[PDB]
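Worksheet: one structure, shown below.
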Amino acid sequence: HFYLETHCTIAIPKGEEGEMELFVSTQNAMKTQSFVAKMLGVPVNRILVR
Amino acid sequence: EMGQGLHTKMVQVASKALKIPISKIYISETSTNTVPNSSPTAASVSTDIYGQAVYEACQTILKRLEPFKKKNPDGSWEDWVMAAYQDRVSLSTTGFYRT
Amino acid sequence: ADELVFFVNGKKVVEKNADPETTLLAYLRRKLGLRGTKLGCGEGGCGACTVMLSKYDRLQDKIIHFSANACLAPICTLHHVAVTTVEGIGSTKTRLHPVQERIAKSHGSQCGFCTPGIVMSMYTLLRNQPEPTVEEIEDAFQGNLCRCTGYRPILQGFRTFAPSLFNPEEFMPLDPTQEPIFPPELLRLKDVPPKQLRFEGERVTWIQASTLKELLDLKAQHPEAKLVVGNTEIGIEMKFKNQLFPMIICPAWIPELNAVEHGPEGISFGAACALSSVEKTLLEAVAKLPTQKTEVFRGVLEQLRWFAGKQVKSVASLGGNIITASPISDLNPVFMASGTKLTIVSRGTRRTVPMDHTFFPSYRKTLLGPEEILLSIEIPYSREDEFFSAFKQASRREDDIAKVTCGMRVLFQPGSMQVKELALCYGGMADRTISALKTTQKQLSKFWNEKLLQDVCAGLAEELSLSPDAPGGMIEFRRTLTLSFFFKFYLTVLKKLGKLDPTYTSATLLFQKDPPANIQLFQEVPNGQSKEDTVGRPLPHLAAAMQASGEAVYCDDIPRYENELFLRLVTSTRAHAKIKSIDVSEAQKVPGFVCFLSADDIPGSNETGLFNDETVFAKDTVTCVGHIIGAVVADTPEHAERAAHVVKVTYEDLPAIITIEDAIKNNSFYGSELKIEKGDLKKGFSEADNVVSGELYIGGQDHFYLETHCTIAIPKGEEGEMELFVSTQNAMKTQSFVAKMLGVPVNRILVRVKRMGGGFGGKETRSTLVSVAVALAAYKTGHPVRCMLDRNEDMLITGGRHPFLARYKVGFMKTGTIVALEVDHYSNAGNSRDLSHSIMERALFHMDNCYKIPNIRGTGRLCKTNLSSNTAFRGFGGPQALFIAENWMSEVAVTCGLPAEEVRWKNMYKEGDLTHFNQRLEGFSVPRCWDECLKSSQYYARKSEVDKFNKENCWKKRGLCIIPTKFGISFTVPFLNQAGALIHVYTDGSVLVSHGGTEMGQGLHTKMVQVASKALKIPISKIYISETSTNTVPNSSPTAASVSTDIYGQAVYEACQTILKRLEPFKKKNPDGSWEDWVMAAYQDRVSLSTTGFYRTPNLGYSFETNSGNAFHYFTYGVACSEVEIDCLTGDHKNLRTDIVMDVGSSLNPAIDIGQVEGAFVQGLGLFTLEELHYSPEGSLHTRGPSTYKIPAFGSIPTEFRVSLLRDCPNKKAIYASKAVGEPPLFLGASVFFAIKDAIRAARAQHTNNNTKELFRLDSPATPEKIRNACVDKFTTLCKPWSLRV
Amino acid sequence: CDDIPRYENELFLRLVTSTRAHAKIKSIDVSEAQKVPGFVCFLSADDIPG
Ligand SMILES: Cc1cc2nc3c(=O)[nH]c(=O)nc-3n(C[C@H](O)[C@H](O)[C@H](O)COP(=O)(O)OP(=O)(O)OC[C@H]3O[C@@H](n4cnc5c(N)ncnc54)[C@H](O)[C@@H]3O)c2cc1C
Ligand SMILES: Nc1nc2c(c(=O)[nH]1)N[C@H]1C(S)=C(S)[C@@H](COP(=O)(O)O)O[C@H]1N2
Ligand SMILES: O=C(O)c1ccccc1O
Ligand code: MOS
Ligand code: MOS
Ligand code: FES
Ligand code: FES
Ligand SMILES: [Ca+2]
């Protein structure tokens, strides 16, 4: 692909109820959200992808 | 937005639909807590489908503002919006499209 | 410099560059990233920063555990000390400690900001006593404040360590064997002798002396060096007095300064001994030694009971209190009266002198030389024929500064009543501890009798004079206390010498706790209700566990960006003046200084405020002390603070209008008179058998949310975008005000509110004062910027409840029936309009309370003054008007000579009646609450018991009063009664709910989740609410008017209905499928799982011009009966019992609602009896901290506290038949005020006069000063024109 | 994404990837990695909570 900006993610753990806010260079915030929630083992509503 | 100008096009669409300058419209980012269960931005259909979703959302807004426009036809977009707010009419809505 | 080595939660900390000025709190929060410990006041009075400290005590040979205020603990005092914070005992990520589990499940956590500190105070107690007694449990919180709960749930839940809202049987037992072990490494370090340490900071050098020799050598070389042990005085001087001590020597480690010796003359304590140690030792001595030998010890102990709290007493040293020599020291008067021996030393010298009047020559000074230090203190055993008393009277019993405090000793000739020695020493009557030598000298050789009492009182009245301008004011009260204390001493000695009049006995009794008794009654949910349907169930606040664990994130807990700067507001020190110039030359010299911001830096508009009558930054003129002129931005908060403090502003004073009286005289008002008039007043007064006129005043109130105002502003650098994290109840206004100041479209600003550690209306609008300033800083610097107000800034700047002055005239019949009422209200609005108008409107809407007044006229004027702009505060004008109403109603009863409850009942509205603003009262439940409260409170039976007590007691009286209340529900501004919600159902079926409301501890999100769960018929476990944000739900009204549950509940409900309608087709095609199945099916079929919800309260719109239209959607009702016991000699009082019956319709959550009732009630209790703000004549606030502003403490609540939610009273006007509960209960706190008034009448009937119909004025708050002064007697009288017309 | 300022306590992650096209992972030694200044931790499959 050689997108000038390579893959990048910033993950911010809130420390509450498994909440996490992520800033991601992605075209798929939905899958990023569900995949992160799946790995963490928390409901999808706890993960915010921006 | 990955450089294809999707937000630019959505603002253009929203502006045309609402009949207001693009300067009054803004798109800050894409987030899972504003629009959920979104398909990945792909297949070159983003303009197509989000354009429709944005279009529909705009139609809902126009319909809610219609009573105030009729009430004060010479008024400004700002006048109608404030009137709508003061009359406790929701100025927030979702838009959706299914090909 | 030496390395500072200590442990935090079992982890070793090696600080190679310890700065002597760094507090443990700052270190924990900024260096260790442990934000569970909070900053609530920085002055040791709130306990929010409470932590536990553990150390190996060499002299005791064992590990000791004690609590301490992290805000006052210098990390440099913690070498080889183990710290335990809330994070160190448990968490929701691992497992909650029993203390955390219980405070959470018992509903002892609302906003949660005070929870960690209370958890640590309780935890520390248990580490010392695994099975504490109820009294030990209450005493554990003398230094912890909670503004939300009313304390009852915290104590009742913790009582377990010694339908229902919670089940103790579910609690995990406490197992001491599973507690964290004392750091092994520290236990090893105990085997290596102490060595002197040196710490070098930016401005201070700290020397930890290991031996007495080193200490004396250091003092000889550096006489100026400031000793520091507990730092509970120096810490205050540094932080609040702008003091800077370049060199500090901590002698805490020195064995001689910690030695306890039991000698033949008394018990000696090293000067470094903590007050808690002195207390423990003296308690043991009193338990083992003969009563006659412990008179002085018990005096010391009595003072220690009311000396700060556990946190302060555990670190505060004996030497520190003595040498600080504060005019209000509670111990020096005792040490002086008892001639306590002081051993003073310096290199090469040693002397021992008994403390006497000469020890304190002048303000804050003692007779110690510059090279001398206090080594030890020997508190003397009392001798035969020698008696001692110690008394203290403040504004509040627990953790307060003495108004007057004393130590009194008398020595008689062997076996006689003839005085050999007499010492009456007082604190709070001069700029130093003094002895009434002139007075006592005259009694030597005299006998203990009535003549001596009279002579001493007359003497005290003359010798302990106070000039009208005496610091602290309360001249009459303080002088009365000096005599009253002696009277108590006199009577007590008579008793000890012995035949005392039975009715006089209680006057000699020391304060005694009565066992608590709490009962909560609510309605069980229908038998067939699903377990998943939690509506109506006592579900604990969803974030309670995280609040108890310190995991709950409040604004300042959010990590700072690496490039984040700090802002410090620069405010006016003048009430009204022209700003001639601003000099930042000195500020620019402070390290880390970035810039000074002022009006000219604003890119958009400097016009702000709800009514655009405010500046963001003062321009040309300042209109109140605290008026924001600008702000300093620096690399650290300390640097920002120091720089701001040296910004020099030159003023030219302008005539200032401070008081309501000033405003009236100068016709200084905001807008025109507000008025509601119904009936024919003229005719009404003609018909009246009696007419009473009067004036009444009700003081203001500081919100004192445990978490002060705070804003973090993140500039994005794109299109003017800015994201702000704010502690506000009004994200919409925050957003628009920031946008307005910046001059950018509102759509560029994003405001996010996770939660507030309390709001109470104080964060409805005034939070923008900080938000806009921080936003400007971010805009100008391009860096993230934050600012959290220190308590003193917050109390000075942000405004509070509106003080009200009322002039009334009421006409009534001999039967007590009201036929006419005129009340002119005046509120002190401050330097801007803000919410003052609506507040006055609500006041007018409630001037009737629950009584039908055929002819009534109420007016209101907003006084424009040079004081910080007052704003919304739980009640929003209602409490003031309701108070004024109950005041004349109480006078009508007295005038008619009829039982108050009878007069109130016969005047009470009836179902269907119209209010003075012509709204029909539908579902008027006051009658039921009234009769049920009368019954469950056993009002009548107790009424007679009260009269009996009063006949049997001359210097103590009891009062009982039952009052009703009704509170109109809805914003009195029509358009604010709208609410939006946004709900998303993700493909895993989990639901994210967002609504316009904010969480400030009231449990709104909890209720919304409960609502959503019921509406969707899915477990609450599948629903979540993360925060409130302007980009999810726009144009939201502020979270206020107690209608959030009502309106957001409907919006959430509607959104859920839409979701259900969309899922319906899939549920039908797969009836036996799961929620998850239907959701995925809908998603797969491309059905949107996202929708908004909206609600608009119908039929609202009142007009003051026509006195027509519905002002409220409905009313919330309640009744409260309170009984009190006042000490007619000191002004102190006990809240014996309070019974509340509240109508909250069908409660959505009885736990949260009873919590709101108790919390509101206690806040009202504070408003009417403890809380008072004092201002200089020039308009400068004196009361800027918990040390001087006394909110209700754990010990302030009714001993017997009963709350019942009215049964079978569904409210068809709101979500799931519930009723708003936020504000309605607050006024019921007035039941305490009127019980006190009743008690005072009994006292006046006893010693004042015989006029049983006298109407003495009692303004709010009914503080110890007002209560004592009202109890006119031979003492108040002791504390002459040429001619008089005949 | 990476232009977003880092938090004061923000850490950095570096992926450890396979140098073989197809093989069994016999063992992983991080004893040398742990010596690198600033090393916080090595994360692997067993660290995943979900
Ligand atoms: C929330 C709060 C509540 C309080 N409540 C009360 C109260 O009810 N009644 C009351 O009287 N006080 C009260 N205090 C005041 C304070 O706690 C006492 O004065 C305390 O005993 C001082 O002890 P310290 O060790 O903390 O002093 P520091 O602050 O460490 O030192 C105080 C002063 O004593 C000097 N000093 C200390 N030890 C020696 C020594 N051995 N020889 C010579 N000089 C010495 C120091 O140089 C300094 O000037 C309160 C303080 C707070 C913060
Ligand atoms: N714990 C806590 N309870 C509280 C408050 C608070 O700040 N903290 N605010 C009070 C005020 S002034 C109001 S208007 C209501 C607001 O919330 P509500 O509308 O959901 O009842 O809660 C009341 N109860
Ligand atoms: O309580 C109200 O009536 C009210 C009205 C306008 C704004 C804030 C409010 O609390
Ligand atoms: O469909 Mo484009 O993201 S290949
Ligand atoms: O209506 Mo509350 O925010 S005073
Ligand atoms: S912040 Fe420490 S006692 Fe309030
Ligand atoms: S819960 Fe205690 S102050 Fe809020
Ligand atoms: Ca105001």
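Identifiers in the structure tokens: chain A, B, ... in order shown; residue index from 1 per chain; ligand index from 1 in order shown.
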Proximity check chain C to ligand 1, 6 Å, nearest pairs one decimal Å, only C-alpha atoms and all ligand atoms, as a Markdown table:
| residue | atom | partner | partner_atom_place_in_ligand_line | distance |
| --- | --- | --- | --- | --- |
| C:43 | CA | ligand 1 | 53 (C) | 5.2 |
| C:44 | CA | ligand 1 | 1 (C) | 3.8 |
| C:45 | CA | ligand 1 | 1 (C) | 4.0 |
| C:226 | CA | ligand 1 | 47 (O) | 4.4 |
| C:227 | CA | ligand 1 | 47 (O) | 3.6 |
| C:228 | CA | ligand 1 | 30 (O) | 3.5 |
| C:229 | CA | ligand 1 | 30 (O) | 3.7 |
| C:230 | CA | ligand 1 | 26 (O) | 3.2 |
| C:231 | CA | ligand 1 | 29 (O) | 3.3 |
| C:232 | CA | ligand 1 | 26 (O) | 3.6 |
| C:233 | CA | ligand 1 | 29 (O) | 3.4 |
| C:234 | CA | ligand 1 | 29 (O) | 3.9 |
| C:271 | CA | ligand 1 | 41 (N) | 4.7 |
| C:272 | CA | ligand 1 | 41 (N) | 5.9 |
| C:307 | CA | ligand 1 | 8 (O) | 3.5 |
| C:308 | CA | ligand 1 | 5 (N) | 3.8 |
| C:312 | CA | ligand 1 | 17 (O) | 6.0 |
| C:316 | CA | ligand 1 | 26 (O) | 3.8 |
| C:317 | CA | ligand 1 | 25 (O) | 3.7 |
| C:318 | CA | ligand 1 | 21 (O) | 5.3 |
| C:319 | CA | ligand 1 | 38 (N) | 4.4 |
| C:320 | CA | ligand 1 | 23 (O) | 3.5 |
| C:321 | CA | ligand 1 | 19 (O) | 3.3 |
| C:323 | CA | ligand 1 | 34 (O) | 4.7 |
| C:324 | CA | ligand 1 | 33 (C) | 4.4 |
| C:328 | CA | ligand 1 | 11 (O) | 6.0 |
| C:329 | CA | ligand 1 | 11 (O) | 3.2 |
| C:330 | CA | ligand 1 | 11 (O) | 4.1 |
| C:331 | CA | ligand 1 | 11 (O) | 5.7 |
| C:373 | CA | ligand 1 | 42 (N) | 3.6 |
| C:374 | CA | ligand 1 | 42 (N) | 3.7 |
| C:375 | CA | ligand 1 | 41 (N) | 5.6 |
| C:399 | CA | ligand 1 | 3 (C) | 5.9 |
| C:400 | CA | ligand 1 | 8 (O) | 5.7 |
| C:401 | CA | ligand 1 | 8 (O) | 5.4 |
Residues within 9 Å of ligand 8 (only C-alpha atoms and all ligand atoms), as a list in words?
residues 799, 802, 828, 829, 830, 831, 832, 833, 834, 835, 836, 837, 862, 863, 864, 868, 869, 870, 871 and 872 of chain C
Could you tell me, counting only C-alpha atoms and all ligand atoms, which protein and nucleic acid residues lie no more than 7 Å from ligand 6, written as a PDB file with N, CA and C atoms, in the first residue's frame?
ATOM      1  N   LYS C  38      -7.362  12.244  46.816  1.00  0.00           N
ATOM      2  CA  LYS C  38      -7.808  13.525  46.262  1.00  0.00           C
ATOM      3  C   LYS C  38      -7.441  14.778  47.027  1.00  0.00           C
ATOM      4  N   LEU C  39      -7.523  15.907  46.325  1.00  0.00           N
ATOM      5  CA  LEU C  39      -7.277  17.212  46.924  1.00  0.00           C
ATOM      6  C   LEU C  39      -8.669  17.793  47.133  1.00  0.00           C
ATOM      7  N   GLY C  40      -9.026  18.068  48.382  1.00  0.00           N
ATOM      8  CA  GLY C  40     -10.336  18.628  48.670  1.00  0.00           C
ATOM      9  C   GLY C  40     -10.272  19.998  49.323  1.00  0.00           C
ATOM     10  N   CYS C  41      -9.154  20.303  49.975  1.00  0.00           N
ATOM     11  CA  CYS C  41      -9.024  21.591  50.651  1.00  0.00           C
ATOM     12  C   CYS C  41      -7.581  22.026  50.884  1.00  0.00           C
ATOM     13  N   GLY C  42      -6.666  21.062  50.913  1.00  0.00           N
ATOM     14  CA  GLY C  42      -5.270  21.380  51.141  1.00  0.00           C
ATOM     15  C   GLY C  42      -5.003  21.990  52.507  1.00  0.00           C
ATOM     16  N   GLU C  43      -5.962  21.891  53.420  1.00  0.00           N
ATOM     17  CA  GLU C  43      -5.760  22.453  54.752  1.00  0.00           C
ATOM     18  C   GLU C  43      -6.103  21.505  55.905  1.00  0.00           C
ATOM     19  N   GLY C  44      -6.161  20.212  55.604  1.00  0.00           N
ATOM     20  CA  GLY C  44      -6.414  19.210  56.625  1.00  0.00           C
ATOM     21  C   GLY C  44      -7.822  19.032  57.157  1.00  0.00           C
ATOM     22  N   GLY C  45      -8.785  19.773  56.622  1.00  0.00           N
ATOM     23  CA  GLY C  45     -10.139  19.655  57.133  1.00  0.00           C
ATOM     24  C   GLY C  45     -11.144  18.758  56.432  1.00  0.00           C
ATOM     25  N   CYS C  46     -10.859  18.272  55.228  1.00  0.00           N
ATOM     26  CA  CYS C  46     -11.851  17.442  54.542  1.00  0.00           C
ATOM     27  C   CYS C  46     -11.542  15.950  54.545  1.00  0.00           C
ATOM     28  N   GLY C  47     -10.271  15.602  54.708  1.00  0.00           N
ATOM     29  CA  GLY C  47      -9.896  14.201  54.740  1.00  0.00           C
ATOM     30  C   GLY C  47      -9.897  13.472  53.406  1.00  0.00           C
ATOM     31  N   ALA C  48     -10.175  14.173  52.312  1.00  0.00           N
ATOM     32  CA  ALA C  48     -10.201  13.526  50.997  1.00  0.00           C
ATOM     33  C   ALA C  48      -8.833  12.992  50.595  1.00  0.00           C
ATOM     34  N   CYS C  49      -7.788  13.516  51.223  1.00  0.00           N
ATOM     35  CA  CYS C  49      -6.419  13.103  50.924  1.00  0.00           C
ATOM     36  C   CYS C  49      -5.915  12.098  51.951  1.00  0.00           C
ATOM     37  N   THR C  50      -6.823  11.514  52.723  1.00  0.00           N
ATOM     38  CA  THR C  50      -6.399  10.580  53.761  1.00  0.00           C
ATOM     39  C   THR C  50      -5.701   9.332  53.245  1.00  0.00           C
ATOM     40  N   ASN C  69      -3.123  13.269  56.592  1.00  0.00           N
ATOM     41  CA  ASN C  69      -3.580  14.031  55.442  1.00  0.00           C
ATOM     42  C   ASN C  69      -2.413  14.126  54.474  1.00  0.00           C
ATOM     43  N   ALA C  70      -2.557  13.522  53.300  1.00  0.00           N
ATOM     44  CA  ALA C  70      -1.481  13.573  52.318  1.00  0.00           C
ATOM     45  C   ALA C  70      -1.196  15.008  51.879  1.00  0.00           C
ATOM     46  N   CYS C  71      -2.187  15.887  52.003  1.00  0.00           N
ATOM     47  CA  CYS C  71      -2.014  17.278  51.586  1.00  0.00           C
ATOM     48  C   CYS C  71      -1.104  18.083  52.508  1.00  0.00           C
ATOM     49  N   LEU C  72      -0.894  17.594  53.726  1.00  0.00           N
ATOM     50  CA  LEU C  72      -0.046  18.296  54.684  1.00  0.00           C
ATOM     51  C   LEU C  72       1.206  17.515  55.051  1.00  0.00           C
TER      52      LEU C  72
END
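For ligand 3, the set of protein, DNA and RNA residues within 7 Å, based on only C-alpha atoms and all ligand atoms, reads residues 835, 838, 839, 842, 872, 876, 970, 971, 972, 973, 976, 1040 and 1041 of chain C.
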Go ahead and write the residues just picked, N, CA and C atoms, as a PDB file, in the first residue's frame.
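Generated file (selection00.pdb):
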ATOM      1  N   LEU C 835     -28.098  33.386  37.371  1.00  0.00           N
ATOM      2  CA  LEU C 835     -29.418  32.794  37.584  1.00  0.00           C
ATOM      3  C   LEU C 835     -30.261  33.471  38.663  1.00  0.00           C
ATOM      4  N   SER C 838     -34.303  33.824  37.934  1.00  0.00           N
ATOM      5  CA  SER C 838     -35.069  32.594  38.054  1.00  0.00           C
ATOM      6  C   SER C 838     -35.105  32.115  39.498  1.00  0.00           C
ATOM      7  N   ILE C 839     -34.015  32.340  40.222  1.00  0.00           N
ATOM      8  CA  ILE C 839     -33.954  31.947  41.620  1.00  0.00           C
ATOM      9  C   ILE C 839     -35.008  32.718  42.409  1.00  0.00           C
ATOM     10  N   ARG C 842     -38.435  31.296  41.597  1.00  0.00           N
ATOM     11  CA  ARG C 842     -38.728  30.069  42.330  1.00  0.00           C
ATOM     12  C   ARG C 842     -39.039  30.413  43.782  1.00  0.00           C
ATOM     13  N   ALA C 872     -27.012  29.215  41.291  1.00  0.00           N
ATOM     14  CA  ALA C 872     -27.863  28.114  41.700  1.00  0.00           C
ATOM     15  C   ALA C 872     -27.210  27.298  42.808  1.00  0.00           C
ATOM     16  N   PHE C 876     -32.530  26.385  44.752  1.00  0.00           N
ATOM     17  CA  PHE C 876     -32.694  27.470  43.792  1.00  0.00           C
ATOM     18  C   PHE C 876     -33.705  28.528  44.239  1.00  0.00           C
ATOM     19  N   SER C 970     -39.777  21.237  37.664  1.00  0.00           N
ATOM     20  CA  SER C 970     -39.584  21.692  36.285  1.00  0.00           C
ATOM     21  C   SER C 970     -38.792  22.987  36.261  1.00  0.00           C
ATOM     22  N   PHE C 971     -38.107  23.248  35.152  1.00  0.00           N
ATOM     23  CA  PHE C 971     -37.370  24.496  35.017  1.00  0.00           C
ATOM     24  C   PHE C 971     -38.450  25.562  34.883  1.00  0.00           C
ATOM     25  N   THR C 972     -38.301  26.683  35.581  1.00  0.00           N
ATOM     26  CA  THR C 972     -39.297  27.741  35.480  1.00  0.00           C
ATOM     27  C   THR C 972     -39.112  28.517  34.185  1.00  0.00           C
ATOM     28  N   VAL C 973     -38.124  28.098  33.405  1.00  0.00           N
ATOM     29  CA  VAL C 973     -37.871  28.674  32.093  1.00  0.00           C
ATOM     30  C   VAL C 973     -38.348  27.544  31.191  1.00  0.00           C
ATOM     31  N   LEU C 976     -36.102  25.110  28.777  1.00  0.00           N
ATOM     32  CA  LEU C 976     -35.087  24.231  29.345  1.00  0.00           C
ATOM     33  C   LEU C 976     -35.636  22.834  29.624  1.00  0.00           C
ATOM     34  N   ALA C1040     -30.049  20.178  36.101  1.00  0.00           N
ATOM     35  CA  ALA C1040     -30.558  20.923  37.239  1.00  0.00           C
ATOM     36  C   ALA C1040     -32.071  20.837  37.374  1.00  0.00           C
ATOM     37  N   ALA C1041     -32.594  21.574  38.349  1.00  0.00           N
ATOM     38  CA  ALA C1041     -34.026  21.625  38.625  1.00  0.00           C
ATOM     39  C   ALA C1041     -34.590  20.275  39.060  1.00  0.00           C
TER      40      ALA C1041
END
What residues in stretch 76-209 of chain C get the DSSP label strand (DSSP E)? Please answer as a PyMOL selection string.
chain C and resi 82-84+197-200+205-208
Just the selected residues (C-alpha atoms), exported as a CSV table (one decimal), in the first residue's frame, please.
chain,number,residue,atom,x,y,z
C,82,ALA,CA,5.2,2.8,54.4
C,83,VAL,CA,2.3,4.5,52.7
C,84,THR,CA,-1.0,2.8,51.9
C,197,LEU,CA,19.6,13.4,56.1
C,198,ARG,CA,19.7,16.5,53.9
C,199,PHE,CA,17.1,17.3,51.2
C,200,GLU,CA,17.5,20.2,48.8
C,205,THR,CA,16.7,22.9,52.5
C,206,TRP,CA,15.4,20.1,54.8
C,207,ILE,CA,17.6,18.5,57.5
C,208,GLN,CA,16.2,15.4,59.2
What residues of the protein or nucleic acid chains come within 9 Å of ligand 2 when you use only C-alpha atoms and all ligand atoms? Reply as an MDAnalysis selection string.
chainID C and resid 109:112 147:149 703 705 729 756:764 872:876 997:1005 1007 1038:1048 1155:1157 1159:1160 1220:1223
If you count only C-alpha atoms and all ligand atoms, which residues end up within 12 Å of ligand 4, as a ChimeraX atom specification?
/A:1,3,26-28 /B:1-4,39-46
What separates atom CA of residue C:596 and atom CA of residue C:778 is a distance of 12.6 Å
Taking only C-alpha atoms into account, report as a list in words which residues of chain A lie within 9 Å of chain B.
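The selection requested is residues 25, 26, 27, 28, 29, 30, 31, 33, 45, 47, 48, 49 and 50 of chain A.
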For the residues selected in the previous step, produce a file with N, CA, C and O atoms as a compact mmCIF listing (two decimals), in the first residue's frame.
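After the write, selection-v1.txt holds the following:
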# COMPACT_ATOMS: atom_id res chain seq x y z
N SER A 25 -5.30 4.91 13.11
CA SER A 25 -5.23 5.22 11.69
C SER A 25 -5.87 3.99 11.03
O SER A 25 -5.18 3.06 10.63
N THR A 26 -7.20 3.99 10.95
CA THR A 26 -7.90 2.85 10.36
C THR A 26 -9.13 3.26 9.57
O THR A 26 -9.73 4.31 9.82
N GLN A 27 -9.51 2.42 8.61
CA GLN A 27 -10.69 2.66 7.78
C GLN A 27 -11.84 1.87 8.39
O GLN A 27 -12.97 1.92 7.91
N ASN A 28 -11.54 1.15 9.47
CA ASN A 28 -12.53 0.27 10.09
C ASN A 28 -12.59 0.42 11.60
O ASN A 28 -12.08 -0.43 12.34
N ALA A 29 -13.22 1.50 12.06
CA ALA A 29 -13.33 1.73 13.49
C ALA A 29 -14.18 0.65 14.16
O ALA A 29 -13.95 0.29 15.31
N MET A 30 -15.16 0.13 13.42
CA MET A 30 -16.03 -0.91 13.97
C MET A 30 -15.28 -2.18 14.34
O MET A 30 -15.39 -2.68 15.46
N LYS A 31 -14.52 -2.72 13.39
CA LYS A 31 -13.76 -3.93 13.65
C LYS A 31 -12.64 -3.69 14.65
O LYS A 31 -12.32 -4.57 15.45
N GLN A 33 -12.82 -1.68 17.08
CA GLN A 33 -13.54 -1.69 18.34
C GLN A 33 -13.91 -3.09 18.81
O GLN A 33 -13.64 -3.46 19.95
N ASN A 45 -19.42 -1.98 24.03
CA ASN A 45 -19.79 -0.63 24.46
C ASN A 45 -18.77 0.02 25.38
O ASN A 45 -18.94 1.17 25.77
N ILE A 47 -15.51 0.14 24.53
CA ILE A 47 -14.42 0.59 23.67
C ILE A 47 -14.83 1.69 22.71
O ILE A 47 -15.80 1.56 21.97
N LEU A 48 -14.08 2.78 22.73
CA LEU A 48 -14.34 3.91 21.86
C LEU A 48 -13.19 4.06 20.88
O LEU A 48 -12.04 4.18 21.29
N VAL A 49 -13.50 4.03 19.59
CA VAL A 49 -12.45 4.19 18.58
C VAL A 49 -12.72 5.48 17.82
O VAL A 49 -13.83 5.73 17.33
N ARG A 50 -11.68 6.32 17.76
CA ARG A 50 -11.77 7.60 17.10
C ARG A 50 -10.76 7.71 15.98
O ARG A 50 -9.57 7.44 16.17
Using only C-alpha atoms, find the residues of chain C whose closest atom to chain D is at most 9 Å away, then write them as number ranges by chain.
C: 33, 559-564, 716
Just give me the gap between atom CA of residue B:67 and atom CA of residue B:92 in Å, one decimal is fine.
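A separation of 16.3 Å between them.
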Within 7 Å of chain A, which residues belong to chain D? Use only C-alpha atoms and report them as a ChimeraX atom specification.
/D:1-2,48-50
